[PDB]
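Take a look at this one chain, the form deposited in one PDB entry, written out in structure tokens.
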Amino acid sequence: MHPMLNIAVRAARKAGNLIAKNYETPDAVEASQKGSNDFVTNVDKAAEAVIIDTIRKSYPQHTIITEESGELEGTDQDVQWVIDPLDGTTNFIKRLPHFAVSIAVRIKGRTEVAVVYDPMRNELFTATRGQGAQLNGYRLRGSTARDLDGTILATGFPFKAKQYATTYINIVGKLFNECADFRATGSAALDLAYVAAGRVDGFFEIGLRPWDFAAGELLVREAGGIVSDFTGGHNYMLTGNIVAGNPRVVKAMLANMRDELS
């Protein structure tokens, strides 16, 4: 737990330090046809290896699930480490300095530990279940906003889910008409961390993969916010359709979502 937290942080900083070091290089950037070149993937794979190696030196019995390898079953099925070694891939390739390592520990299907770590800003966000969220050791509470007016909402376009373009764009339209403004940062795990830290008032994105929200979602819930489905449910793990923020902000956002798809 806090020994697990201590290993999650160790792993996230060593992966983070390695990703920071290569950000300062260009070496071998080779693809354009869509975006993701050999270099980010080599950098990313090396981060993943470091995280796996670090976790297995103390907990070789656990299941580890990574964005790049899927599930590496352990003898002890009751603990899963759910990891994105580099949430913000396109950012990294463009050298936009906004990306993070996300590492969640789930025990018998409940997230108990969460680390999101920005290695450019050297900001480590952490949480353990029932004990709240911190940024570099200092307690987080969400934002204190009560409606959508003068709020800032982190979000991203459904680049990987284009068939939802119209619905999404329609949702963005409605929220804008309630005097919300938007940030689009390219790192969902960081967005969730920023919800936890009140740096934004809410977050909504479609089609997230579980490794990008598993740590972020606990950050929010431990800093007094909530996370839900676009339709209000606790179904978001299956969908990846995530609305996060305090209970007022989410209720207000969910209000603007009924009359759309999902």
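Residue numbers run from 1 along the displayed sequence.
Quick note: we don't show the form solved in complex with a partner chain, though the next part is all about it.
Although the partner is absent here, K251 sits close enough that one of its heavy atoms falls within 4.5 Å of its partner chain in the entry with it bound. Using a 4.5 Å cutoff between non-hydrogen atoms, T231 counts as a contact of its partner chain in the entry with it bound.
Within this chain, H2 is remote from the site of its partner chain in the entry with it bound, having no heavy atom within 4.5 Å.
Residue contact check for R106: none of its heavy atoms lie within 4.5 Å of its partner chain in the entry with it bound.
The stretch that touches its partner chain in the entry with it bound, counting heavy atoms within 4.5 Å, is 219 to 227, out of 206 to 214, 50 to 58, 219 to 227, 66 to 74. Contact check at 4.5 Å (heavy atoms) against its partner chain in the entry with it bound: all three of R129, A255 and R258 pass.
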